[PDB]
Amino acid sequence: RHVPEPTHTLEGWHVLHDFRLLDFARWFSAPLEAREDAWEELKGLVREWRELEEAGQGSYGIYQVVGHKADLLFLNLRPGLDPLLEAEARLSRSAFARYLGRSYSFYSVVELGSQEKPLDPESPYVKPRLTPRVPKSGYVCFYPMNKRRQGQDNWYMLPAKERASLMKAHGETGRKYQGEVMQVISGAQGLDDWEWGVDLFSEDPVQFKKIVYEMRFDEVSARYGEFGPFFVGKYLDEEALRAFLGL
Amino acid sequence: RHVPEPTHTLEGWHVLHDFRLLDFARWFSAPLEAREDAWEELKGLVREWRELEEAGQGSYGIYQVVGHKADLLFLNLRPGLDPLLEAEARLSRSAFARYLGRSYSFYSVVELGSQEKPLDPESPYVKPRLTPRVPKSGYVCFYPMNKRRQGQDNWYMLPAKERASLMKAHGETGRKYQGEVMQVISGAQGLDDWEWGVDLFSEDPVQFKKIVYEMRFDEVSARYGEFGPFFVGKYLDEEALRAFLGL
Amino acid sequence: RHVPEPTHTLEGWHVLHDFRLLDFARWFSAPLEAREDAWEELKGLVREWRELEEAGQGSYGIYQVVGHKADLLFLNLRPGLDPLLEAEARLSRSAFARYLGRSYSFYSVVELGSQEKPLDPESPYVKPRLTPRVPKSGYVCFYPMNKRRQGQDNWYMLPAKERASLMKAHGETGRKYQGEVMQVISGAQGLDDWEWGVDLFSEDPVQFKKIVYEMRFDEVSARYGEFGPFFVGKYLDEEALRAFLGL
Amino acid sequence: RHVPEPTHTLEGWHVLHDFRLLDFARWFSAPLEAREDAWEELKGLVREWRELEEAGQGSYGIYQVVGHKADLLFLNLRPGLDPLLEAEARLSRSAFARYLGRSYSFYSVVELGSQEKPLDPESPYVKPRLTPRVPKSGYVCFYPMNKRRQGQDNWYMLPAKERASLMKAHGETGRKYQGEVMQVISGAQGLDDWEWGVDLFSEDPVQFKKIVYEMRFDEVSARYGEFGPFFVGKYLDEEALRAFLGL
Amino acid sequence: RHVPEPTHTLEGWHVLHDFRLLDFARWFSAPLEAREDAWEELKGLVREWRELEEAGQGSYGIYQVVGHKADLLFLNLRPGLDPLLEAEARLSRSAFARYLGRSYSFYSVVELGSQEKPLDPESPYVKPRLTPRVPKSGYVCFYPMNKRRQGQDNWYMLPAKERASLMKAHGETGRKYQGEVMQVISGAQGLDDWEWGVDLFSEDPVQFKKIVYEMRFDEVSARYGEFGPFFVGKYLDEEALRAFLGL
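Protein chains in written order, with PDB author numbering: chain B, 3 to 249; chain A, 3 to 249; chain E, 3 to 249; chain D, 3 to 249; chain C, 3 to 249.
Shown next, in the form of structure tokens:
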């Protein structure tokens, strides 16, 4: 009979992608003092996220997202779900949130995978990847995905050896962009609607187009990739966010 | 000629998953007296569920759900549909519900299945599972699912003997998780949009990730698993719910 | 080349499933007089439907539906579409509908099919099924469905003899449910989004789960069944609806 | 090397299906004078459509649609897109439209196809079909559709002679309904979300059910039919629409 | 041992399709002062886009879109994402946007592909296509699309040579449309929900119907074409937009 050879994984920081749409009409028409009050509270919340990051308790990033799918991405990473629930609840109860609508979200956990043998969690070549720091500049590309389980294209029924080969080739394609595109892979198996969440960071959004298109020709993607929506956002420092909000 | 060998089942308590979204802006901006009044009335309702649970007439749990899919999960189990319709209507007419929006739900019945030899309804390891009590700590993972009926992967066309061997391997894979994960399977065949509802309980949400991912490599899941949305929530006792609502 | 052998059918009463969601917050917070006035008008409209049923000129049923998909199902059967258009338009124009939101619906016609030999519309064993009367108690299970037309599982390409064999087996499976489950099959080909509408009536909703699950193992269902959403509701007489509305 | 044999087509009048939902609560709660003023303006707009129809510059039809998908269908056929955009904009600007919400629509062009031999636009057996007149009575059945391109069932990869034989059989099945059902086929390739728009007109809606179901057994429909939603409406003359609006 | 041969691409201007729905009721019933102030502000915004285009630093187009999918399309092309984020942000905060609802959007980058060798960005047959100018008249047809990856129809698994042959045939079919239809292909791999965005410009919308239908018979489209929604709009100059808004 079929002998399962489950992929080995290591979990790192938990991740929450919080996408929201801005009610432009309501925000820009609100009394200036009300907007300033909301602005002070918002900055205070973000300073707290920054504080946690400096204490090595997570990472975060806020982005201006292009298109109708979302306007602002509040990305947070923490040591567990509770701190994420906290960050999410606090944002949701903020005065600024009164002018926002949740459009999409994703709960996942930083995942390091290995198809054949378990990874050494204490290896200096593995451990740092468990707690990725979000770049404070550039752009981000986020998209969820599953590994196909259809007809003759069933990733989960393949022998571990074949999966290892397919993943190695995929990793090699990705490394052509070493130093150009940073990648954070998170798993949402049993946690959200898709099996993985993927974050790509770069100083030029065109790099996202180059790497994603090229990777689609790797057999692992061509035959086994099932992709969800793609969100592209530009990193916003405090001043950039202030300008975005018209303050 | 095809001869059907339908899976044997034993039905237990009826189950209702009631997912709702909180209108943060309206709730946190509402007069303090209005919030307190809604809170007092909510406690009275939850007290009824508590007393019913103490009497062995059902069970319940309230959770803080991560993400945009839902904010609060009101889980209730009863000996029939009527008590569920009652609990559901009572919550909906409460003052607190004026600040809630229904985002998702699932109606199902606790189900114990056997592919070949019928289960002993009197077995001490069978009977108690018909009336599972919701644990009072940790987290919950809920997701609905169907058994695939596509091309060569048609679960319902398989001989009972093959389905039995497929389920045995599944049960084996999940045995290593028994110590950390509790599982409640409910059937919604002619009751809701998916064939089964699955509730996983654990003190660590990462356990949900490990078990769901590892199980996907079992042939039963890899070839016949069709999965719906995944919701993760943190169990909230009275004080936790109060704190979440800012009271 | 291909010689079609279309299924023979007899059409009876037209059917309209009108599913609505109740705005609990607005209804239960509305002034008593407005509620009583809306209730008086609603009773009168339903009374008209009841009088038509008593005259043997149609049938109706109002149900409390579990879950977020709908709260109230207004089921009506008439000799044609015109009185159904009236039924829904009048409910929508009622004051009570100011507190309702249309969530789903289905327009179909009671259909009695035969794969090979045409049915006799004047036969004592056939004619009565053309104008079924909705049970004035118990519960209802409604779900729409199609007959699969994919790859090797193409119902419409099958010879009539094979379809007759598949349907006969389906009939044998449901025979043991004769005394506990009433079934009404209606066709919506060219009338709505699905090919058929299925109504199951029983004094116990668990019977819906039992029959639907068991039948899924019949080849006709396993290979050719394509199912839509499932709605379960409890029949409400006048006093039960009054109580549901808090009056 | 695949040699394409594209279907020959002749284009006639452009077509717009404008489906809207009526805000019953708001309309029937509005002051009687406001309703009358809106009605008078609406009649005037429709009178304009009737005038151009009498001049032979188009055709129109307004229907009361069953179910939640739509309440009113404003069907218009014109020599081009511009006059359709005008009729669409004029209706949207009307006071009556303040009580309407767009639920669905379809932009297409009357199409007469031929798989092998090109059609003569001046032929008396072809020309009149380019500018069909909407029956001023009865009912309508509208549904968009595509020709399947999946696996072994790829309509667009077939040789023209096969497509011709497949369409011939379809026509033979439909000749039976010639005196009871009138059909208008419009193409929306490159114009809307589906490849074709299909309008069926008849004095009895059951005829729609009969023809659509029987045709599904033809190989062209069974293997290559990909159907969208089905809308059924009752033709409304001026007096009937007035009655529907409670005036 | 599959060896990937990824398609080479040259990237030109970044493109943003911003589709919005007009709240007709709110706009046309709003005070004249409000409408005029909004119009004057919108004109100023568009003038900035116009001047930008005159300086060869981009291109734009505003269209009246037929149907319920959108009413106005604000199309913009710029040297990067930043200018696009600025354009949609500026439009979103305008007084006019208070009367608009975002219904759809697409972020992509003009793409010139070549299946086997790098293209020369300086060739007189290549360079101009990198910065396409939106025609100031006629109509537009927009639709997103993917290249199929299903079973035996997997574009990404094909040898580069075969993909070249398929595309060459596609180009030969489009030859006859040379002087009637202008096409701009943009890639959104890693940028949006579909792999490509396609814009067709013509003085007659029927040309869109002719070319899209004919091309569907080419093997590349028949077997590998996966199409999204289709939008058709009429180009509006300042005067036409003014008239559309009743000013």
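C-beta atoms are modelled at their ideal positions from N, C-alpha and C, and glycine is treated no differently.
| With distances taken from CA atoms, which of A/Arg-95, A/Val-186 and A/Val-17 is nearest A/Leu-47? | Your numbering for residue 47 of chain A matches position 45 in the second sequence. The shortest Cα separation from A/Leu-47 among A/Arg-95, A/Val-186 and A/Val-17 belongs to A/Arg-95.
Using a Cβ-Cβ cut-off of 8 Å, state whether A/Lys-236 counts as contacting chain B. Numbered from its first residue, the second sequence carries residue 236 of chain A at position 234. By this cut-off, A/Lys-236 is an interface position.
Run through the stretch 193-220 of chain B for me and flag every whole beta strand (DSSP E) of 3 or more residues, listed as ranges in chain order. Runs of the beta strand (DSSP E) inside the stretch 193-220 of chain B: 198-204.
I'd like to check one pair, C/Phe-98 with residue 1 of chain C: are the Cβ atoms closer than 8 Å?
With chain C represented from 3 up to 249, any question about residue 1 of chain C goes unanswered, as that position is not in the structure.
Should B/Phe-219 and C/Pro-120 be called a contact, given that it needs their Cβ atoms to be closer than 8 Å?
Counting from 1 along the first sequence, the entry for residue 219 of chain B is found at position 217. Counting from 1 along the fifth sequence, the entry for residue 120 of chain C is found at position 118. C/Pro-120 is positioned such that its CB atom lies no closer than 8 Å to that of B/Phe-219.
- prompt: Is it the case that the CB of A/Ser-105 approaches a heavy atom of the ligand NAD more closely than 7 Å?
  reply: Looking at this structure, you won't find the ligand NAD or any other ligand, since it has none at all.
Pick helix, strand or coil for residue 1 of chain B, following the three-state DSSP scheme.
-> Past the edges of chain B, shown from 3 to 249, lies residue 1 of chain B, and the structure says nothing about it.
- Looking at C-alpha atoms only, which residue of A/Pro-126, A/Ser-105 and A/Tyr-65 is the closest neighbour of A/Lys-138? On the second sequence, position 136 is the one that residue 138 of chain A refers to. Nearest C-alpha to A/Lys-138: A/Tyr-65.
Cβ of E/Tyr-215 within 8 Å of any chain A Cβ | On the third sequence, residue 215 of chain E is found 213 positions in, with the first residue counted as 1. So yes, E/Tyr-215 belongs to the interface.
### Query
Whose CA, out of B/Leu-75, B/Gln-209, B/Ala-190 and B/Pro-6, lies closest to the CA of B/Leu-12?
Walking along the first sequence from the start, residue 12 of chain B turns up at place 10. The residue among B/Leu-75, B/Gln-209, B/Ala-190 and B/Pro-6 with its C-alpha nearest the C-alpha of B/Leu-12 is B/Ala-190.
Please name the residue, chosen from B/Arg-92, B/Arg-80 and B/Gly-69, that lies closest to C/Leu-77 on a Cα-to-Cα basis. Taking the first residue of the fifth sequence as position 1, residue 77 of chain C is located at position 75. Of the listed residues, the one whose Cα sits closest to C/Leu-77 is B/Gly-69.
| message | Restricting to Cα atoms, I'd like to know which of A/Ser-116, A/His-172, A/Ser-188 and A/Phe-108 is closest to A/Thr-133. | response | Taking the first residue of the second sequence as position 1, residue 133 of chain A is located at position 131. Distance check between A/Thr-133 and each of A/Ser-116, A/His-172, A/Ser-188 and A/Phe-108 places A/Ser-188 closest, using alpha-carbon atoms only.
- Query: With a cut-off of 8 Å, do at least 3 Cβ pairs link the stretch 99-110 of chain E to the stretch 21-31 of chain E?
  - Reply: Flag = yes, the stretch 99-110 of chain E and the stretch 21-31 of chain E touch.
For the stretch 48-77 of chain D, which residues have a CB atom closer than 7 Å to at least one CB atom of chain E, in sequence order? For the stretch 48-77 of chain D, which is checked against every Cβ of chain E, the residues closer than 7 Å are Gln-66, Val-68, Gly-69 and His-70.
- Query: From C/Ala-27 to D/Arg-100, what distance separates their C-alpha atoms?
  - Reply: By one-based count along the fifth sequence, residue 27 of chain C stands at place 25. By one-based count along the fourth sequence, residue 100 of chain D stands at place 98. C/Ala-27 and D/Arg-100: Cα-Cα distance of roughly 5 Å.
Name the chain E residues whose beta carbon is nearer than 7 Å to that of D/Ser-107? Translated into positions along the fourth sequence, residue 107 of chain D becomes position 105. For the C-beta of D/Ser-107, not a single chain E residue is nearer than 7 Å; the gap to the nearest is close to 17 Å.
Quiz item: Roughly how far, in whole angstroms, is the beta-carbon of D/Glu-118 from the beta-carbon of D/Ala-166, given that I think they are within contact range, below 8 Å?
Solution: Residue numbering aside, residue 118 of chain D sits at position 116 when the fourth sequence is read from its first letter. Residue numbering aside, residue 166 of chain D sits at position 164 when the fourth sequence is read from its first letter. The C-beta separation of D/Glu-118 from D/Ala-166 comes to about 5 Å, placing the pair in contact by the 8 Å criterion.
Would DSSP call C/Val-142 helix, strand or coil?
Locating residue 142 of chain C in the fifth sequence gives position 140, where the first residue counts as 1. Correct three-state label for C/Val-142: strand.
Worksheet entry | As assigned by DSSP and simplified to three states, the class of A/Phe-232 | For the purposes of this step, residue 232 of chain A is taken as the residue at position 230 of the second sequence. Collapsing the DSSP output to three states places A/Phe-232 in coil.
Exercise. Taking all protein chains shown into account, do 16 or more other C-beta atoms lie within 10 angstroms of the C-beta of D/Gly-60, making it buried, or fewer, making it exposed?
Worked result: Walking along the fourth sequence from the start, residue 60 of chain D turns up at place 58. By the 16-neighbour rule on beta-carbons within 10 angstroms, D/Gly-60 is buried.
| request: Please state if the CB of C/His-16 and the CB of C/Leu-83 are separated by a distance shorter than 8 Å. | output: The residue given as residue 83 of chain C occupies position 81 in the fifth sequence. The residue given as residue 16 of chain C occupies position 14 in the fifth sequence. Yes, they are a contact pair.
### Query
Do we get a CB-CB distance below 8 Å when we pair E/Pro-81 with the residues of chain D?
Counting from one through the third sequence, the residue named residue 81 of chain E turns up at place 79. Chain D, which has no Cβ nearer than 8 Å to the Cβ of E/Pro-81, makes this no.
query = Does DSSP put E/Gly-173 in a helix, in a strand, or in coil?
reply = By 1-based counting over the third sequence, the position of residue 173 of chain E is 171. E/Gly-173 falls in the helix class under three-state DSSP.
Requested in this report: Could you say which of E/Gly-63, E/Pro-130 and E/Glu-221 lies nearest to E/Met-169 if we only look at CA atoms?
Outcome: As a working mapping, residue 169 of chain E is identified with position 167 in the third sequence. Checked all of E/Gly-63, E/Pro-130 and E/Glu-221; the closest Cα to E/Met-169 is E/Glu-221.
- Query: Quick one: is A/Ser-110 buried, meaning 16 or more other Cβ sit within 10 Å of its Cβ, or exposed?
  - Reply: For the purposes of this step, residue 110 of chain A is identified with residue 108 of the second sequence, where counting begins at 1. By the 10 Å Cβ count, A/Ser-110 comes out buried.
Compare the C-beta of E/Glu-38 with all C-beta atoms of chain D and state if any pair is closer than 8 Å. The sequence position of residue 38 of chain E within the third sequence is 36, counting from 1. Judged by the 8 Å Cβ criterion, E/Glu-38 is not in contact with chain D.
Distance, Cα to Cα, C/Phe-246 vs C/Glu-50? Locating residue 246 of chain C in the fifth sequence gives position 244, where the first residue counts as 1. Locating residue 50 of chain C in the fifth sequence gives position 48, where the first residue counts as 1. Rounded to the nearest whole angstrom, the CA to CA distance from C/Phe-246 to C/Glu-50 is 21 Å.
*Min CB distance B/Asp-25 to chain C below 8 Å*: The residue labelled residue 25 of chain B in the question sits at position 23 within the first sequence. Look at B/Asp-25: its C-beta is not under 8 Å from any C-beta on chain C.
Buried/exposed call for C/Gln-209, threshold 16 Cβ in 10 Å: As a first step, residue 209 of chain C must be located in the fifth sequence, where it is residue number 207. Burial of C/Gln-209 is indicated by the presence of at least 16 other C-beta atoms within 10 angstroms of its C-beta.
Review point. Per DSSP, what kind of secondary structure is E/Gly-227 in: helix, strand or coil?
Key: Numbered from 1 along the third sequence, position 225 holds the residue referred to as residue 227 of chain E. E/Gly-227 falls in the strand class under three-state DSSP.
Check your understanding: Span of the beta strand (DSSP E) holding C/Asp-239?
Key -> Taking the fifth sequence and counting its residues from 1, the one referred to as residue 239 of chain C is at position 237. Careful: C/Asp-239 lies outside any beta strand (DSSP E) and carries neither H nor E.
Please state the DSSP three-state secondary structure of E/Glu-38. For the purposes of this step, residue 38 of chain E is taken as the residue at position 36 of the third sequence. In this structure, DSSP gives E/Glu-38 a helical state, which the three-state scheme calls helix.
* Examine chain B for any beta-carbon lying closer than 8 Å to the beta-carbon of C/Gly-192, and answer yes or no. => Translated into the one-based positions of the fifth sequence, residue 192 of chain C becomes position 190. Yes, because at least one Cβ of chain B sits closer than 8 Å to the Cβ of C/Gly-192.
Exercise. Using the C-alpha atoms, what's the distance from B/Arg-150 back to E/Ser-204?
Worked result: Walking along the third sequence from the start, residue 204 of chain E turns up at place 202. Walking along the first sequence from the start, residue 150 of chain B turns up at place 148. One C-alpha to the other measures close to 41 Å.
**Prompt:** Taking just the CA atoms, how far does A/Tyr-215 sit from B/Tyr-127?
**Reply:** Indexing the first sequence from 1 puts residue 127 of chain B at position 125. Indexing the second sequence from 1 puts residue 215 of chain A at position 213. C-alpha separation (whole angstroms): 24 Å.
Give a yes or no on whether 8 Å exceeds the smallest Cβ distance from D/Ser-94 to chain C.
For the purposes of this step, residue 94 of chain D is taken as the residue at position 92 of the fourth sequence. Closer than 8 Å: yes.
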